[PDB]
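# Structural description and commentary
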Amino acid sequence: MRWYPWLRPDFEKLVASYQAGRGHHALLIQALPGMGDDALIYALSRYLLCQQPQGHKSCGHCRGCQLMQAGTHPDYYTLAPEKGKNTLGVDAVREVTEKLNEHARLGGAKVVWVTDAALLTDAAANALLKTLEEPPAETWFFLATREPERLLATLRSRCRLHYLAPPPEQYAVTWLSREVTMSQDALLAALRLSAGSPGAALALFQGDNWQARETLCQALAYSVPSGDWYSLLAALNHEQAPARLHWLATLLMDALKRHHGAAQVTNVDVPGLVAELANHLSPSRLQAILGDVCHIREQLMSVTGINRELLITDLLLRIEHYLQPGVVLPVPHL
Amino acid sequence: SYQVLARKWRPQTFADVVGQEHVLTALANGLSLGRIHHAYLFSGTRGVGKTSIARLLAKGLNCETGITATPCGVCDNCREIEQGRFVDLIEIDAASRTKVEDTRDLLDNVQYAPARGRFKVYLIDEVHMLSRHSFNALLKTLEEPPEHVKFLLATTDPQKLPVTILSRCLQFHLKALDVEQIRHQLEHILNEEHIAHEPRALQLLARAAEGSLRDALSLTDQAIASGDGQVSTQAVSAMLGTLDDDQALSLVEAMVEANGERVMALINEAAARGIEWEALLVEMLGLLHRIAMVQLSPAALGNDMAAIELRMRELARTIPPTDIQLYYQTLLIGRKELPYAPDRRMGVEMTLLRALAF
Amino acid sequence: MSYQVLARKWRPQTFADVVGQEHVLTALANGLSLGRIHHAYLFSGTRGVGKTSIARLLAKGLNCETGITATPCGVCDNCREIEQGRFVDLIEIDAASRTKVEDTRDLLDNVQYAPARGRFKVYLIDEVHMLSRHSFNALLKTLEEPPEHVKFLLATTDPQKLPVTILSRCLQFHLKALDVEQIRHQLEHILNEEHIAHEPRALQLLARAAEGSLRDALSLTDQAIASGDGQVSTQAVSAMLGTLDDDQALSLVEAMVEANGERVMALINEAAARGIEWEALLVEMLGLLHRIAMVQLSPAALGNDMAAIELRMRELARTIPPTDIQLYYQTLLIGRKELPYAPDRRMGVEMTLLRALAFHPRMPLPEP
Amino acid sequence: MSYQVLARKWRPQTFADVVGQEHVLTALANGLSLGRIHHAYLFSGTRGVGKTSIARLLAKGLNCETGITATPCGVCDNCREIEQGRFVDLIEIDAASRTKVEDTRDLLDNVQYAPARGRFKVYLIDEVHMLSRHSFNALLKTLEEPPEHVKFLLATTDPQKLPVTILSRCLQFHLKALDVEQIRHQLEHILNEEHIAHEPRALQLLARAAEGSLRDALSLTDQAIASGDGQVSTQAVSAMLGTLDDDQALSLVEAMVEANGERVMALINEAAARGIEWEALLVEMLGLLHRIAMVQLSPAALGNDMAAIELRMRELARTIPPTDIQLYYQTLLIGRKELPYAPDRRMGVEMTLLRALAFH
Amino acid sequence: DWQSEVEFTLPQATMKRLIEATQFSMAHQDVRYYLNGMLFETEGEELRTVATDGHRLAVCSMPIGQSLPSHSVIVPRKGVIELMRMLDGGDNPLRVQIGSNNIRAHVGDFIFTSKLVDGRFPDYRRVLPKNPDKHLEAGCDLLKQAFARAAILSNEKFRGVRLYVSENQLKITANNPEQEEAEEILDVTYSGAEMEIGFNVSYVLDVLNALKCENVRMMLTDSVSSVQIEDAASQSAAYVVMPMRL
Ligand SMILES: Nc1ncnc2c1ncn2[C@@H]1O[C@H](COP(=O)(O)OP(=O)(O)O)[C@@H](O)[C@H]1O
Ligand SMILES: Nc1ncnc2c1ncn2[C@@H]1O[C@H](COP(=O)(O)OP(=O)(O)O)[C@@H](O)[C@H]1O
Ligand SMILES: Nc1ncnc2c1ncn2[C@@H]1O[C@H](COP(=O)(O)OP(=O)(O)O)[C@@H](O)[C@H]1O
Ligand code: BEF
Ligand code: BEF
Ligand code: BEF
Ligand SMILES: [Mg+2]
Ligand SMILES: [Mg+2]
Ligand SMILES: [Zn+2]
Ligand SMILES: [Zn+2]
Ligand SMILES: [Zn+2]
Ligand SMILES: [Zn+2]
């Protein structure tokens, strides 16, 4: 985890409520990946488990502070899936629930952090319902998610929903330029592909995934003028189908914006590719391709154990079929 | 011993329950007339009072002042049930305890006489989350329980319950609370708690909570937590990220004339202001509905938005009803699909751009 | 006093009490009269149709002290402890706790023992479909031939989940869901026997509300009695179920058909003040629309009820061609499906009705 | 006034009283008379086909004072002790009861000890396919070199789950499911001997409903007698079979294709009285239509699963153009899509069938 | 950091007796989390230990001679089991420290520490029957032997006996899922109406095992209320058994 500069005012807007004694026991933070919600949860937990706070901040070397730094605080709770799995089971939250019944070991607060509420199995959510609704005295909860709508309705009904607004685009561009050094168009592409999340832009740049984006761009430079989208297979099928499909769908979206002329698009680093996509493709075909790409990305994200390669190959074959004249194109309905 | 609005204002008598009169009347008359079932399933959406009504029924059933529809609230049993420390009221979470040994625990526990109260009451929450093993093994104990055992069930959705489970229990459907009932409850709570409030803020909070009082109280607590503990219109609007009719009307008039430049620029500006895309689509659908209203009957037009009725009437006049219906359907489908999009802004842009190509 | 629940108090105790299920009643009575008592029974039906009660009645008939009679004859000791739930010959076994063969074997090794003061050791393995395949094949041998004193009564809801091998060695008896008239007749019996005033319309609504079982009908009747003060009325039953007055929804569908907007608006904003949930308004309208569609299919599909508005059903069927009915039903169904995402439930219902108006097949809304 | 169950009261006692399985009976007789009996016999058939009856008769042939032969005798000591189920060394084991390798090993520790009576120690294991792999391997290891007076009899409904290596150790017999003629004749003989009034059409209905199993035929005969007071007429069996009818989806497809609205309404009301889930009914209707399309593509698309209603399916495939099949499949697909949001699904399924009938 | 809310300087054998009196009547992984433990209560010169699980109650109230403020805390099952595992029959003066959230015990040269269950233990006073009119006084060992004899054929899944109380004879009747009957008769001195009352023989046997006295007295009210069991010559500890439905 790491702290972010723009991230301070929200922390000040929550820790003040907690010092007033009127803070909700269950705070649900909605934030995109890389936004820094884990930073808020960890800092707030350190403040809560701190014995004598110093200006709503962790006070150096307190016994609570010492046990927080050591990571073995008896009254601190972390709920994360086992590293060999991506779901939080019934027993992981059940042990938390049954061991929360006892008093705080140090006589202070009892703070619980669920790393990602989206990963919670519906059974784990239903188990946590009772403890969220009526927690014992001096018990506080922290949940994080990309989108609260994906959560269980009765789960989020018991928590105060805080929102982490992404920083202004110019400020985010300045931060990215300070961290990584490249052209501003690449920074804009990363930001608008990351839905305004600069941490996700750092994650994209630091890894090799941006080079894979460049590879996909080249494969599209050959793919759209010849109707050879199947060749994009190797560009998409490397354990990152959601990300590559997101970039492709965003390229299609930018071409569609180029049709209904817009001042701003996402893929500003490749204007020529966007122009080629707009010129060589019918707008209805672009609609169908973008919708099918989004649906396939959703299916890849949702279903576990699915074959990425077969789905991407079928997607490419369907795009090829859509390219032919006289084909009936899908439209979202019902 | 601070408590948040919801639990701090949990109903304690049948007179403190907002709405749900159709089940409260039957419950009180069953308590008074001596007709008491052994199994009650209170089913409804979140934050409508299933747990509260179940606890009130538990209080009334075993009050030592006799089985009454109006529990005293000062007796030993009433206080112990209110605090949750009563032994004869066993509160079980079905998801937490869905196992063969837990079912056997229930089956051999129901055989012993109650320790303190008149009846041994089992309050199971989210009952639909039991396993089929647990449902089938608990059929008899819900069909013909002992004379001193009564069961209370509470599920968010009865459809996931076995139909044979539904057959052997008393179905209490809790309607989602009306906007006026919710707003009056917020007004009463804030007056009793000496918190300043504004009627517009209460209306916004009531509309934001989709007929659920717990959601209304959580949004209220958020409103107190932002803006020095006052429920004001500005604070509620900033918290909910809502926008007035001007921006949504400009968006709709841009979209209906297929002005891609204006629609895209307005969406960019809306993203810059950090507005709620879901709220933007909600205002879209509301304005389209009011356009169709004006189209149907000239007098069926709102009076609050008199400043923007000038363009409103013109747009309602110049657009066929079928096109308005198509725009409404497209925006509704986009709102439905919004959570599953790669980005919320990306999804709403998809919806609006699809609406443009009409 | 106590007023033991209708289901518990008014559970049948004789073959002269069970309503419906004429086939299984005749089979049991005739077989007991002839003395051809099979060792394995499979009562299969939906919930609340009488499998458990009929099985208890058969167990009573088998072990009457007077003799082997078709119906449970003069209720002697054994019969009256059976009806009290006390064991004379009734080993009531939930199959969910004995799915494993390690427990079915324990069950089987106890069968070879004479019953106490009874003529049979009647096993009531309920929800028998919940057993495991290993357990099925384990108790397969005992099913094919049990001891003379051991009878098997298996009751389940879905016989398709059963293996065909165990299905072979069982008398299969399927219990049809009871008709609404039989349910209403039984409820009237109960209310006359309980000295509680009742209204015919309320009983008809309750009987329709139950989906073919008398357990749901009895639970609903208890809820309606609680809604009243020891009586059931049309007002109380309608408020309990949430169903609105058919005149309102029928006027609304009439106005939608006639393609007038002002009447639709008047009807909907009057229905707003009556405290009827909007989704049920849409459900009632869709139900009516399908009712006219079925009337179009055949005059057989009108309904014994809905007589107060049957003439208008027939008139709407005569006037409107099936294509328009299909269009209206599709529009209303799509609107109901879209309702959760509308700005407001009333907003969604109003927009759905206005959409049906705008795309009216014969009189669409005027366009500029 | 016995009035015992006709199933076991009429179990075969001599090999000449077994209906069908003639080749198996001939092979057993030839092995018993002239050849040397194989050290292990496996039996595989359908439910209620005769497997355990044949195995018990073979065990009776093995242990008898007249010697190891096909038709040994009547009312002898060993034959009677087997027929009464009281025979000592005729071990009867349910495989599902003893799938554990430890219980199987304990069972296979008994082969060494000599038989208490007769000549051969016969083991009869039912549903042998359910044995665990370790237990199955132990059974093969004890079958490769059995004692000179120890023999194994195995039965199973589905032999496809048995590993191929079982063929290396035991001689297998497959019993063919009885046809309508054999079942009808055996039921006629049983009723004639029991002095039960009956009609040939009632017997034909019972045999067709039996679906090849004689135990099913006997159970249905018992139910028919119980309901009909011994008078087994055509109408009684027809009504009581209609009470047990579950071919509703097929009849719905047939009537909807024939544009028979009243028939579809009667059948859907009957299905409602059956308390069948509507989503399952619609998905199995879709499956039936898909199967019709596939068997239209190629006659081999059908299997033995639908070998009960294959005649009507072949007729439907022959008579219905593929375009109508595609239209009906699309109509039922959209009906299933719109079913959850419809009113009470009893009428949603109705109106989906209405839309299907509209294509007339 | 420790603020001793309640400090006991008590003989370790005394608290050994206290816990052994009420250890068995305890909840194991029960739904009611507050019952998964044992209540320590302090009233003047009296130390009380209460333990219940909804079917049993065991209270042991013993004077200690030292006056302390009234208090009530719940120690979890694991803590008291560990204490018993470590507690011995010696003369070391045990020292109990009661704080807001934790329990501590200085025992000779050992230290035992545990947390406390955050909850309120139910009031045991109302659990005790308020009309203990009927009295069955009989030798403890005779009752133990009779109950063990009647419980010989009782199954683990079905453990329960019916007491028929008459002028003098006490009848213990036990049945089983195998439907076989066991009956025992005792010459307990009694005077009252004939009655029938069913309890789990395991709980009653445990209650008798906790009573190392020559005879006991059972206080009874009616056929549907709980039964109290106590020493016929001492009031240091009482037990409550809830009847079973028949
Ligand atoms: N009918 C009602 N009257 C008053 N408050 C209510 C009502 N319904 C819900 N609430 C509020 O919601 C909070 C949670 O209510 P609860 O009864 O647990 O809802 P649920 O049915 O979803 O379990 C209560 O603490 C109370 O503040
Ligand atoms: N045929 C019937 N006649 C009368 N009452 C019935 C009948 N079937 C069901 N009931 C009602 O339902 C209650 C429970 O019926 P039950 O026999 O348990 O159904 P199940 O077959 O699902 O176990 C009975 O007490 C009775 O009131
Ligand atoms: N070939 C047959 N001849 C005579 N009776 C048979 C025959 N097949 C089945 N049966 C009848 O069915 C009953 C059970 O037969 P069984 O051989 O156990 O069938 P399975 O093959 O399923 O084990 C027998 O008691 C007998 O009445
Ligand atoms: F939040 Be509630 F119990 F549906
Ligand atoms: F036994 Be039934 F299904 F209620
Ligand atoms: F005994 Be068979 F296989 F039905
Ligand atoms: Mg609740
Ligand atoms: Mg067999
Ligand atoms: Zn600190
Ligand atoms: Zn009270
Ligand atoms: Zn009798
Ligand atoms: Zn012989």
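Sequence-order numbering is used: residues on each chain count from 1 as written, possibly diverging from the entry numbering, and only residues with coordinates are shown. Numbering of ligands from 1 and lettering of chains from A proceed in the order in which they are written. What is displayed is a subset of a larger assembly, so the values quoted cover only the displayed chains. Excluded from the side-chain calculations are hydrogens and water; all other atoms, namely the structure's heavy atoms, are used.

Method of determination, as annotated in the archive: cryo-EM, at 3.0 Å resolution.

Looking at the PDB entry, one finds chain D named DNA polymerase III subunit tau, with Escherichia coli as its source organism. The title field of the PDB entry reads "Structure of the E. coli clamp loader bound to the beta clamp in a Fully-Open conformation".

In the nomenclature of the PDB entry, chain A is known as DNA polymerase III subunit delta' of Escherichia coli. For the record of chain A, the UniProt heading Catalytic activity holds the text "DNA(n) + a 2'-deoxyribonucleoside 5'-triphosphate = DNA(n+1) + diphosphate". UniProt positions are given in the numbering used here, feature names are shortened, and annotations may be inferred rather than shown by experiment.

The next thing to look at is the interface of chain C and chain B. Here, residues are in contact when the closest pair of their heavy atoms is within 4.5 Å. Contacts between chain C and chain B engage 47 residues on the former and 53 residues on the latter. Here the quantity called buried area is the accessible surface, traced with a 1.4 Å probe, that two parts lose on coming together, added over both. Between chain C and chain B the total buried area reaches about 4700 Å² when both faces are included, carbon and sulfur atoms providing 59% of it. Looking at the side of chain C facing chain B, the largest losses of area belong to C:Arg215, C:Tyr341 and C:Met351, adding up to 14% of the total buried there. One speaks of a salt bridge when a side-chain nitrogen belonging to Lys or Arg is within 4 Å of a carboxyl oxygen belonging to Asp or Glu. Between chain C and chain B we count six salt bridges in total. Where B:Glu143 meets C:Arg215, a salt bridge forms, and the shortest distance between an N and an O atom there is 3.0 Å. Distance and chemistry together define a polar contact, namely a pair of N or O atoms within 3.5 Å, with one atom able to donate a hydrogen and the other to accept it when in protein, and with adjacent residues in sequence counting only for side-chain atoms on both sides. Our enumeration of links across chain C and chain B arrives at 14 residue pairs in polar contact. Secondary structure elements are taken from DSSP: a helix is a run of H or I of four residues or more, a strand is a run of E of two residues or more, and numbering for both begins at the N terminus. Sorting the residues of the side of chain C that touches chain B by element identifies α1 (6-9), β2 (90-94), α11 (214-227), α14 (261-272) and α18 (345-358) of chain C as the ones contributing at least two each. Ranked by residue count, the leading element in the side of chain C that touches chain B is α11(C), at eight residues. For this classification, the nonpolar set comprises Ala, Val, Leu, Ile, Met, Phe, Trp, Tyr, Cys and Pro, the charged set comprises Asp, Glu, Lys and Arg, and every other residue, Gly included, is treated as polar. Tallied by class, residues from the side of chain C that touches chain B come to 21 nonpolar, eight polar and 18 charged.

A few words now on the sheet that holds strand β5 (residues 170-174) of chain B. All names here are of chain B. Paired strands, as defined in this entry, are two strands with at least two bridges between them according to DSSP. Read from one edge to the other, the open sheet built from five strands follows the order β2-β3-β4-β1-β5, with strand pairing classed as parallel. The sheet is open, and its two edges are formed by β2 (89-93) and β5, each paired on a single side. Averaged over all neighbouring strand pairs, the angle between strand axes comes to 15°, with direction disregarded. Sheet topology places strand β1 (residues 39-44) next to β5; five bridges connect them, and they run parallel. Residue pairing in the sheet places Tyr-40 in a bridge with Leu-170 of β5. Those strands touched by helix α3 (residues 50-61) are β1, β2, β3 (120-125), β4 (149-155) and β5, and its axis lies near 155° from that of β1. All axes are obtained by fitting lines to C-alpha atoms, using only the stretch in contact for helices, and the reported angles, taken between N-to-C directions, cover 0 to 180 degrees.

Bringing the site of ligand 2 into the picture now. Every one of the 17 residues lining ligand 2 counts as a neighbour, but C:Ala7, C:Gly48, C:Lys51, C:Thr52 and C:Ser53 are closest to it. Site remark: ligand 2 is flanked by residues from chains B and C. C:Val19 is positioned such that a nitrogen or oxygen atom in its backbone is 2.8 Å from a nitrogen atom of ligand 2. Within the side chain of C:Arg215, an N or O atom sits 2.9 Å from an oxygen atom of ligand 2. Considering ligand 2 on its own, with 550 Å² of exposed area, one finds that the protein chains cover 98% of that surface. Grouping the constituent residues of the shell around ligand 2 by class yields eight nonpolar, four polar and five charged. For this purpose, a residue is taken to be near a molecule or strand whenever a single non-hydrogen atom of the residue falls within 4 Å of it. What sets the accessible areas is the Shrake-Rupley method with a 1.4 Å probe; for residues, cover comes only from the shown protein chains.

Accessible area lost upon the coming together of the parts serves often as the stated size of an interface. All names here are of chain D. Start and end points for every domain follow an automatic or database-based domain assignment. Splitting chain D by domain gives domain 1 (3-178), domain 2 (179-241) and domain 3 (243-360). If you average the C-alpha positions of domain 2 and of domain 3, the two centres end up 30 Å apart. Facing six residues of domain 2, the contacting portion of domain 3 comprises four residues. Both sides of the domain 2 and domain 3 interface together cover about 320 Å² of buried area, and 48% of this is carbon and sulfur. Applying the counting criterion to the domain 2 and domain 3 interface returns zero salt bridges. Viewed at the interface, domain 3 and domain 2 are joined by five residue pairs in polar contact.

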